[PDB]
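The data below hold one chain only, encoded as structure tokens and taken in the form deposited in one PDB entry.
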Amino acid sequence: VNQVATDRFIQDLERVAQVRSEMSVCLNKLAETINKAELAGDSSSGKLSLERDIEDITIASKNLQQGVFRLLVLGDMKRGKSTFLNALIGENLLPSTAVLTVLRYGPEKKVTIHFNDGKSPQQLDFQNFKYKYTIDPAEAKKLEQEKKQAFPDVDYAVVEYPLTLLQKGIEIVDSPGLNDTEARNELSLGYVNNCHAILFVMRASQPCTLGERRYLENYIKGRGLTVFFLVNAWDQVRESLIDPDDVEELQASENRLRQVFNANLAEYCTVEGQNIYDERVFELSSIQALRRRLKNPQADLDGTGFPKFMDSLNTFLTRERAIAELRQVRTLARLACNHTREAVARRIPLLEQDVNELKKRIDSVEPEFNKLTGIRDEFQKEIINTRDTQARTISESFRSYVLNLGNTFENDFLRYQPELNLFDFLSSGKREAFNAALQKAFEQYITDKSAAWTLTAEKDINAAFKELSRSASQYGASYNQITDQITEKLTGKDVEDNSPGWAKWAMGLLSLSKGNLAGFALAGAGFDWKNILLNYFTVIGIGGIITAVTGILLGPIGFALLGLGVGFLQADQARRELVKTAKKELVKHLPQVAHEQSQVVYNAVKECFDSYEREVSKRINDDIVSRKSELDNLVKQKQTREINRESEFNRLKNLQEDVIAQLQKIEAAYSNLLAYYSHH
């Protein structure tokens, strides 16, 4: 019958959730199989040394169960975020919320809240929670005049609720505002870079506010994020026409409005040169959608804008993000399958050969193994000569940037009009409650300048890793050759892209983490954790610069202030000096403080590349070492126990079948789910 798109969403979601689950199943089965066989190893012809795969496959499975689509819902004050969500999840839940709220599936309506001032994760009931954590439009505009946070004792609150949408694997993060303090919090907790998509609610009666346009630039622009812009309260446009019942006039006003959003959002709706504006921007009437879902949740929403929007989001999540993520699981399973497969194909034959003939064959390949180690060294160098070059060139960029900011300060000092909270200043006394006060006053300035640079930084670190990838690809290709030989000189018989395993990780085609510190958006969930780590330290930098230029000018200021309240200095006499002193002190230290500060940025860029090196290293040594033990364990047995060669044959032939069997089920689940899409 009339299949509403709200059904299609729940359907697809459910479907995926099944593929996800079924793979999880095979993955364990696969792990359990490689594992049992490996334990039997010592009591037989020795282990095959497949522990790295067991582990990897095990994490992969555990990841698959905890799988979920995270959506970050951003939006300014009173735009409809609340009503919007209710409409989306078909309930009148949120109150038509002054604190980051994570909405997730749960059996009972519960609400636990995590603090930051120390307090251990409390607990409450939505009934009381709704009253304890909210703000009247009055005392909320008040905590706005000072750009302060509502409850800084809270990091975020979680809300479990029986909502079928959340059941099928959806988590919602509802951000309370666009201000900068709340911004960092979200950035620091991950979110902005730990969610599959961003839902940025806007309103037709307030087209791309300065507040919005600013946020977009400081936190979204060129950061490679998927964000759908929902122009809410679209229905209001017509309640202002000469004739609110003239589709032609209406259309014309809507058009006036539409060229405004396009002008400001086009820039954010493109993917690799291709423009997808109308698959990301949606004119909506949340109030009309909600109303309809209140008379019947299986209600058709055509006319509210929702359908068109939901189908895009459905597609993105279930036919793109799921595929990519699922595909990786297949890749990991094929790796496990092959390593096992080949390992066995190498052993069975060596089982017949005698200890002497064996060590002769093993020594035969010693030169090949060392070559592998040549790659492990040749690539490690390059890896490090890249961190060094990068951690240098960037530190330079920052140092140079901070300094040069001083050449424009005057003009900027005017554009931004730092407001100093006189109460915050005096109030306490800690050499922090006084510096924070000044730090706040320069919040917008710090954020802006700060966000701009890290964009530039990231654009480079990206390319770096993009090269290292291409590099690993080739080293991987040769590594394989050297590997093929080790098999031939051992066995006698010479046996997606099929590069080695460690190569798969180094290229960012695979990964067990949702995110990583390189530009690998095809790895894991794709999440860019270097926007966190980077655009956080940089703030400490550009802020320290202030925290520094602060202690630099206090003295000169205090002098002027003091030399006036006593009468030693007259009006405008101290100002021809405060300056004389300022300029003097700055040109006397700024360059040093810049340099001193650009040393934190150094450690951050060095870190990015040290994580990568640390991992790629593990995996490569891990390969080398296992292939070698593969051979050593045999000898350790031929000289110690006595194996029944034919029973070993079945046991290992069995191992091989059982694993492949599992891989196929997975390969199927994937193919089927894909094919289903071929016909829909």
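The numbering used is simple: start at 1 and walk along the sequence shown. For the two forms, the rigid core is made up of the largest set of C-alpha atoms that agree within 1.5 Å on superposition.
Missing here is the form deposited in another entry; even so, the following discussion is about that form.
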Q: Determine, with the core as the superposition reference, the one member of 591, 222, 211, 349 that shifts its CA by 2 Å or more between the shown form and the other one.
A: 591
Q | Residue shift check between the shown form and the other one, rigid core fit, residue 360 Cα at least 2 Å | A | no
(Q) Relative to the superposed rigid core, does residue 167 relocate between the shown form and the other one - that is, does its Cα move 2 Å or more? (A) no
Q. Quick one: core overlaid, is residue 413 moving 2 Å or more at the Cα between the shown form and the other one?
A. yes
**Q.** Direction of C-alpha distance change in that other deposited form, residue 531 to residue 620 (at least 3 Å)
**A.** closer
(Q) Quick one: with a 3 Å or larger change, is the residue 615 to residue 531 CA distance smaller or larger in that other deposited form? Answer closer or farther. (A) closer
